[PDB]
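Trainee: Sharing a structure here in structure tokens format.
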Amino acid sequence: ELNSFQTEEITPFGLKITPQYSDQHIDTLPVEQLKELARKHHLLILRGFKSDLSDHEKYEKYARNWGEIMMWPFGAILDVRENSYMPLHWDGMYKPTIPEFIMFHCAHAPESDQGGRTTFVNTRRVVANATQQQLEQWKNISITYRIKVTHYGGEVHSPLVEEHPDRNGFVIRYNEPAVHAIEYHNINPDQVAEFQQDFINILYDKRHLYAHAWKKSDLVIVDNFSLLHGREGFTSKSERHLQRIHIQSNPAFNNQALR
Ligand SMILES: [C-]#[N+][C@@H](Cc1ccc(O)cc1)C(=O)O
Ligand SMILES: [Mn+2]
């Protein structure tokens, strides 16, 4: 009745999953149990397992065990390759569907790289830590985002607070500004600047944010319905190479914010 992997809880949220014996293969892990843990804990770091997922064919075949892949024009896999931070967002903003899971495989992460950790914000925890007056204000705010050339048109109008697709709580949908692109609704224009200051401070809080330093062959599973994610600005030059696959909910979740 024991698990077939070791688990350690991450601060402030998430699970770090590691092998029980040397050279344990990633294919040994029970995918349906992992999906349940990812929905409950929002972030899984699978570290130390043997895999050949830098092979695009093998990675795609592996991800199909998790569900329907959300395909992009370039295919199933985005190869993320290498100063400013990348703003918090959720994936699928400008697409017709929002994927439930992001899978990141680390094909390359030199110790040579300094900083630039991937950021993960548990918006369920943000909602749970808010006062009632805060949450009431946030539920009344909606935001229009304008982006780059995209395949499906490029304007997003999203409430700041949404109910989770599983109807078991509320989440935050927010795209932080980068250093009009963003336009806030239902708030006095006189208060927008300070609200933006205050809300970004709330998201970049040690109670809510986990910053991940990559190691080669990490497989990270992200609950895109519950989290926002981004990246710290890089101090040094980096050769990091991540490989990203999106997995649809069943049925796929249509993106009502796309305009
Ligand atoms: C569609 N879409 C994107 C969403 C996005 C929006 C803003 C930003 O800075 C980065 C990514 C994805 O899911 O990849
Ligand atoms: Mn992203």
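Please treat every number below as a calculation from the coordinates, not as lab data. Cβ atoms come from the backbone with ideal geometry, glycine included; neighbour counts cover every protein chain shown.
Trainee: Mind counting the residues in the range 210-225 that are within 14 Å of ligand 2 (Cβ to nearest atom) and over 15 Å from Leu46 (Cβ atoms)?
Mentor: Residues in the range 210-225 being within 14 Å of ligand 2 (Cβ to nearest atom) and over 15 Å from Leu46 (Cβ atoms): 2 in total.
Trainee: Shifting gears a bit: Do we have any residue at all in the range 77-86 that's closer than 30 Å to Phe199 by Cβ, among the acidic types (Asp, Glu) and in contact with a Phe, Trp or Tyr (Cβ under 9 Å, 6 or more places away or on another chain)?
Mentor: Yes, because at least one residue in the range 77-86 is closer than 30 Å to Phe199 by Cβ, among the acidic types (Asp, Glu) and in contact with a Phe, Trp or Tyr (Cβ under 9 Å, 6 or more places away or on another chain).
Trainee: Is it the case that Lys148 is surrounded by 13 or more Cβ atoms within 10 Å (Cβ to Cβ) and of a type in the set (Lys, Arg)?
Mentor: No, not satisfied.
Trainee: Okay, moving on. Among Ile98, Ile141, which is the only one that is in contact with a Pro (Cβ under 9 Å, 6 or more places away or on another chain), more than 16 Å from ligand 1 (Cβ to nearest atom) and farther than 29 Å from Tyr21 by Cα? It would help to see each step written out before you state the result.
Mentor: Values: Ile98 fails: more than 16 Å from ligand 1 (Cβ to nearest atom).
Only one candidate qualifies: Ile141.
Trainee: Of a type in the set (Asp, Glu) and farther than 19 Å from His108 by Cα: is that true of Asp218 in this structure?
Mentor: For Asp218, the condition - of a type in the set (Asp, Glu) and farther than 19 Å from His108 by Cα - is not met.
Trainee: For the range 214-259, name all the residues that are under 18 Å from the mean Cα position of the chain (by Cα), more than 13 Å from ligand 1 (Cβ to nearest atom) and farther than 22 Å from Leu34 by Cβ.
Mentor: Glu232, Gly233, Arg240, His241, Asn254
Trainee: How about the range 65-93: which of its residues are among the hydroxyl-bearing types (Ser, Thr, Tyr) and touching a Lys or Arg at 6+ places or on another chain (Cβ under 9 Å)? Give the derivation first.
Mentor: In the first step, residues of the range 65-93 are kept if they are among the hydroxyl-bearing types (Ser, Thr, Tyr); the result is 84-85.
Of everything in the range 65-93, just one residue is among the hydroxyl-bearing types (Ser, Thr, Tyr) and touching a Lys or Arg at 6+ places or on another chain (Cβ under 9 Å), namely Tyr85.
Trainee: What is the residue count in the range 210-239 for residues that are touching a strand residue (DSSP E or B) at 6+ places or on another chain (Cβ under 8 Å) and either under 29 Å from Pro30 (Cβ atoms) or crowded, with 23+ Cβ neighbours inside 10 Å (or both)? Outline the logic, then answer.
Mentor: Here is the first cut: in the range 210-239, the ones touching a strand residue (DSSP E or B) at 6+ places or on another chain (Cβ under 8 Å) are 210-212, 214-236, 239.
Pick out the ones that are also either under 29 Å from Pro30 (Cβ atoms) or crowded, with 23+ Cβ neighbours inside 10 Å (or both) and you get 210-212, 214-229.
Of the residues in the range 210-239, 19 are touching a strand residue (DSSP E or B) at 6+ places or on another chain (Cβ under 8 Å) and either under 29 Å from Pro30 (Cβ atoms) or crowded, with 23+ Cβ neighbours inside 10 Å (or both).
Trainee: Just give me the residues in the range 108-126 being buried (at least 19 other Cβ atoms within 10 Å of the Cβ) and hydrophobic (A, V, I, L, M, F, W, C), in sequence order.
Mentor: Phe120, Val121, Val126 - these are the residues of the range 108-126 that are buried (at least 19 other Cβ atoms within 10 Å of the Cβ) and hydrophobic (A, V, I, L, M, F, W, C).
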